[PDB]
Ligand SMILES: Nc1ncnc2c1ncn2[C@@H]1O[C@H](COP(=O)(O)OP(=O)(O)OP(=O)(O)O)[C@@H](O)[C@H]1O
Ligand SMILES: Nc1ncnc2c1ncn2[C@@H]1O[C@H](COP(=O)(O)OP(=O)(O)O)[C@@H](O)[C@H]1O
């Protein structure tokens, strides 16, 4: 058995690229000026976007498998383009009269357009084409990273001078990216030896002391009463009411799912300890629960179902998981038991954050300009409250986290403190119609996929750096920190 | 089936496949002196009553189960009359 | 025997990491043929432990993947120490799985305080650890293990029979960021620095192993 | 169009991956479809209306209550559009948005349960704000013809809820292929269907209705199969009804009614008939085309085993219990009381009944502790129970045609409603219920009341007294333990006293003449029951015994009931069955509950109690039912909760349920022997 | 249809004169042929002749249609031509007119581009008002909304089409068409990939809507064909 997997070097990939389709693609030119730079542009694009995945979710949401099939494809086209253009050209002003805007659309949304499953990777890849292609062949400029002459062995020495280890600012990405790369490569490495190896003692007693610490159930015959006794967007605008206000029905829906999880955990903790201390024919699931209780990872019985029921999947057994579940029930209880609406809502605790926002939308249409405003006419916006120390329409959200700059006057993050708090981003809704702005996503978990995209936030704070600088930098406003 | 035998004893349409009547006519002759209705007459359904009386009086059932395995406890739980009417004289667990 | 019961469980992490005991027997009998007998049999017995480990070690690495390189070396250390040093499986699980007191440190760090708090781990999170006199620079300094050694238990770090495993439980609980260069460190200590070094298979040399009666498998990756 | 990874799915060789180029298609659309459908209809405000549709249906999907029969998919959208076609096709030139709001609202009104209506229309107001209100287009011929037949029948009362339900039914019949009438039992779905067919028949254009129930006949018989013995074909009943109905040159308008909840296995193969194809395909290779002469209706209660593929294929109308609900049901019973016994009885009973029921029922649930209602119920069952008990309390005076004062009736109310609400409680609950009655209720026995509850005493018919006793009787001279069968206990006597009252009543509405004890394992269930059964008169009153285990099936219960009756009493038969017969069950809880939570076992009994009879399984004929013109039913429960199973809540509405406590007097039972 | 031409001393030969596509029971689309196809002794001969004459007649009717689209006005040619030809005419109309407006913008600041945009805006109303609400026949019905989907997407692109000239990205983003006259032939253009129309009689078919994802896929397959490969799409159940 022999393994011959590839390395993660920019030169190494670039040098290999320069030993796949060479000495007949490079020598059959009939032009040393224009398309020679076009080849150099696409192969540099090729080696950069492939190596970008080294960092992880910051560079690419999921791994993609770009290969030369797209590269040597991208070539066959621009050749057919340039041959048919110059077939009617009886004389070249300066080596060409090309209008290189079609090649953008193609290299952007076709060749590497097949693998892309995410939406954000679309414009992210279009931005890379913009900064690298320049929309023109300058002939005389410094690549952000040098620029070639027109000889083959010159390309080899060009590749020879390239440094071995580079810095992520060649991708436009921040220098602190080295940390998270080691960490995830660290994590997945241990995770494998955690599978080389895959007990009935005091540990089951420790869990026995645990199940008398999680909060009790909320009997619906009481909860249906509670949500119905009191509820309203503002005490002055309306009397107490239940079903009609979107925030009370959201209260109910959240208490149901919370109760659904609280019942399962209390039961499985019991039946796990009620097999040795108690008596029952041993269950494979209970045995899997015992092994998970000893280790750090919670059992699958609380995270996934045959199709999927992700609830609060966090890493440790009790360090954060039961901590997060407790905090959710705590903030849900005072949101219920006292029944008043507190300031500084915690968006992470809610299972469905989107319904919270659309509920706010409906609230504004009903309470305000009602009639004057229709639900299809209201649009969404946000004003981030640039303050530390401190109702009106909109909400106050707590616990957001930014990555890579500050709240306002966004600057370069220091070496440490990769994840930074996000200040109070009060919301704002207005009816429609009644390019300096940068748009950011909001991901629930740090996995950064198409799902968990709750809403998008316009972040106008630019100064001298255009938003494309931030787009390549991959800034985002995530919610959890794990 | 054995649970319904314990409880009622009348198997649905097993002794009633055109045979209950002939079987009971083969017992009315014992009936006439057993119940002793002044040695005068009898009836029809009461003959079946006395027949089920006789069969449940003279049908003893001994069930002998394993204490170990997986099925015994859940079988007892599925059938209530199994453990219930049946007296439990408990065989000693081979003491010393 | 302790070494062999390590390469068995690597078949459980992934298929195709499967091999017999006969191949290990040929590797074992060979290792005695290669460099075992020169003179002074007792020192040659210690030449077994130095050479036998490296021979089987490099043989399994030829079929290992990149994400599995530091894995197999980590268990070989543990399985070696599960018999001689009598390392507790509970302490092993403490090294694999795991705040009111400290105020300056972060909630992300406070999770790790409650992580380490729950022998003397439950005895030195007090004012000794809450001194906050020079360890603040230590937590700030990159590579916290090498130059600015924690003096929390100096003598326990000097003994080194278990002080390595003690320092690694401290490193992982405090700073999971630098767990892995530290993983190379104590692997290089307990087993020798000759395991933490680059390897590259000369395909000319690999051809020498391949007789006519055995094929050459190739577990490749994309690109 | 390769596909990434299932069971039976392999990989492409690296030789083959070089050739192909990836193409990513992730998310389908909903808005462009809306606007192109508004086009296909013919509108002019397409782009704004599409946003209206999308936002309205999305909000109604997410922020509304979760009900299983709810559907807001592309099929509902396409139906709305194909309706809106004609609405613009008329000479109308008003703004399209008025017509659109009207169409959307009047289309989606039907399915929603009572609670979602205010939310629905308050959501409509947030999207159509410039429009304030539009009247619903009313059909004058229908709205005038309904009350004529409502009055022509004798026992029909006209209600605006009946009007609105029957008109929504009319509209959904106008629009869609087939429909379901979802709603609880005793709510009038069959009556609505009948009166609707009548109003369609009045102005010419006749209408016929056929009835069938799918889960009482086997599906292979329902649709016909190939014989497994002789290699020849056998017809299937549903297909025969279809071929007999869908012929042209007829004057009927046939409505095939399936009656009984939807299990996917048998209904999903009607996707072609309930879709736009309108074609039946059989495994025989036979296709038969649908005609406008035919409609498919499902008088099903509710959908619990239904996928969206069938939920969204046909229309639906939801009938609610409030048509006749709690105090309204009381009022209907008072209307029945003022029919014949109309001297003063309705008024003189109601003068207490009203306040005694409205201001008292909710102060017994959780006002006092009452934290052990072993049978968790809804109020309406306790109410219907006190009603059927009160009819049996007063039947004697109704027979002898005597009119009593108001105090006697107050005490009869108190006696009847002590039980039937106190029959689900234990001794400490009965004494707290007792002190509540002492505090704020009409007088109960006060003569001695020596540490005794109100439940011990009873109202005497001869005079206004609370006495109770058990007669003395020793044994026959025989010495068998069975000869020492049972003794005249006070618990047995009071059980008979409660039981006979409801067992004499002659099949009134809301009354099925069926009893239910609740006792612990070994708490004199069969003792008291058999004590009652021995008192039967076999010359006009028979008895049948049956027990339950886990694995008893419809074949078993169907067979034992068919062997009990031995005749089809429906077609003028059973001289020996012309006597009354009763069926006694020791434990209806034991049969297996399915993995979903719906035990299938009690459904046959449910149909037998509610409508009587069932569909035969004899390999000869399928669409037909045996009928039971007369049968009685009694059963016992074993303290449900925890390890003990529970009966479906749908059937709780029929059985008179009450407790059977331990005797607390076992010193006086074995004294005589 | 088969028309018997009676040759002298030979039994009358059945020749094809028109082709029809039937959907349902009555609804159908009929297409005449000027160039005829005659039966023969060899089956491949008259099959091939059917194919070739169909291709040629489709070509020449499209050649006349490219002219009649602009001369008569919308309603006339939309009602006269078939669905395929009407869609082609609408697309070529829109492309040519947007080109004209762009070049007039390139000359100086002009209203001409906006006036052409407004002409499309006007076409939308006269289309959607009448021929969508009331109509006879299933094929005539489906043709209409087949046009209206395309027209709504046309308008949706034309409102935000902020390109300065033909070279621009936003204009060389979509599926354009050009029926060249100097060499009489249709050419469907993508950014620069071009392919000639294949002239297969399809009648009225229910083509679907155009989402940016479908755009992405058009781009991808266009280049896959430019590079002589085969697009192999992948994904989850039912996404088009
Ligand atoms: N129409 C009906 N009326 C009354 N009871 C019914 C009816 N249909 C089914 N049942 C009940 O269902 C019981 C049989 O259960 P059934 O065999 O359907 O279970 P199942 O879902 O097939 O699961 P399994 O195959 O494991 O038994 C019958 O004995 C009967 O009590
Ligand atoms: N890119 C895509 N667009 C639309 N549908 C897709 C795509 N990929 C897969 N499908 C759908 O998936 C269904 C079958 O895929 P299944 O996912 O076969 O894959 P596997 O057999 O590998 O599990 C088909 O109905 C097909 O329409």
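Chains as they are written, first to last, in the authors' numbering: chain A, 4092 to 4235, 4252 to 4305, 4316 to 4487, 4494 to 4513, 4520 to 4563, 4573 to 4620; chain B, 2937 to 3032; chain C, 3755 to 3852, 3863 to 3882, 3891 to 3995; chain D, 1975 to 2647; chain E, 1638 to 1877.
In this text, a Cβ means the ideal position worked out from N, Cα and C, and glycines have one as well.
Judged by beta-carbon spacing, residue 2495(D) lies beyond the 8 Å limit of residue 2469(D), meaning their Cβ atoms are not closer than that value. Checking the 7 Å criterion, the Cβ of residue 2488(D) is out of range of every heavy atom belonging to ligand 1. With 16 or more other CB atoms across the displayed protein chains lying within 10 angstroms of its CB, residue 2560(D) is buried.
Across the structure, residue 3963(C) and residue 4225(A) are spaced so that their CA atoms are roughly 54 Å apart. Closer than 7 Å at the C-beta level to chain E, one finds these residues of the region 4141 to 4166 of chain A: 4164. Neighbours of residue 4205(A) across chain E, judged by C-beta separation under 7 Å: 1857.
Of the candidates 1807(E), 1875(E), 1839(E) and 1848(E), 1839(E) places its Cα closest to the Cα of residue 1659(E). Of the candidates 4192(A), 4523(A) and 4301(A), 4192(A) places its Cα closest to the Cα of residue 1807(E).
Distances from the CA of residue 2325(D) to each of 2338(D), 2352(D), 2582(D) and 2380(D) were compared; the closest alpha carbon is that of 2380(D). According to the DSSP assignment, residue 2155(D) belongs to the beta strand (DSSP E) that extends over 2152 to 2156.
Counting C-beta atoms within 10 angstroms of its own C-beta, residue 2408(D) has 16 or more neighbours from the protein chains shown and is therefore classed as buried.
For residue 3982(C) and residue 3779(C), the gap between their C-alpha atoms comes out near 18 Å. The beta carbon of residue 2192(D) sits closer than 7 Å to the beta carbons of 2591 from its chain, once the five residues preceding and following it are set aside; these are given in chain order.
For residue 1870(E), the enclosing beta strand (DSSP E) starts and ends at 1867 to 1871. Only residues of its own chain outside the window of five on either side were considered, and among them 4461 and 4463 have a CB closer than 6 Å to the CB of residue 4527(A), listed in chain order. Here the alpha carbon of residue 3882(C) sits roughly 12 Å from the alpha carbon of residue 3851(C).
In the displayed model, residue 2317(D) falls within coil according to three-state DSSP, outside both helix and strand. Relative to ligand 1, the beta carbon of residue 2522(D) is positioned no closer than 7 Å to any heavy atom. Taking the Cα positions, residue 4580(A) is about 36 Å away from residue 2079(D).
Not one heavy atom of ligand 1 falls within 7 Å of the beta-carbon of residue 2985(B). Here residue 2440(D) carries a strand assignment [DSSP, helix/strand/coil]. Checking the 7 Å criterion, the Cβ of residue 1876(E) is within range of a heavy atom belonging to ligand 2. With contacts defined by Cβ atoms closer than 8 Å, residue 2262(D) and residue 2220(D) form a contacting pair.
Annotation for residue 2065(D): no beta strand (DSSP E) segment contains it, and DSSP assigns it neither H nor E.
Interface criterion not met: the Cβ of residue 4376(A) is under 8 Å from no Cβ in chain E. Exposure of residue 3978(C) is indicated by the presence of fewer than 16 other C-beta atoms within 10 angstroms of its C-beta. In the three-state reduction of the DSSP assignment, residue 4396(A) falls in the coil class.
A direct Cα-to-Cα measurement between residue 4557(A) and residue 3917(C) gives close to 49 Å. One alpha carbon belongs to residue 3007(B), the other to residue 3025(B), and they sit about 21 Å apart.
Around the beta-carbon of residue 1797(E), fewer than 16 other beta-carbon atoms lie within 10 Å, marking it exposed. Our two residues, residue 2212(D) and residue 2545(D), have alpha carbons roughly 24 Å apart in a direct line.
Nearest CB-CB separation between residue 4443(A) and chain D: not below the 8 Å threshold. Residue 2527(D) has its CB nearer than 7 Å to a heavy atom of ligand 1. For residue 4557(A), the enclosing beta strand (DSSP E) covers residues 4554 to 4560.
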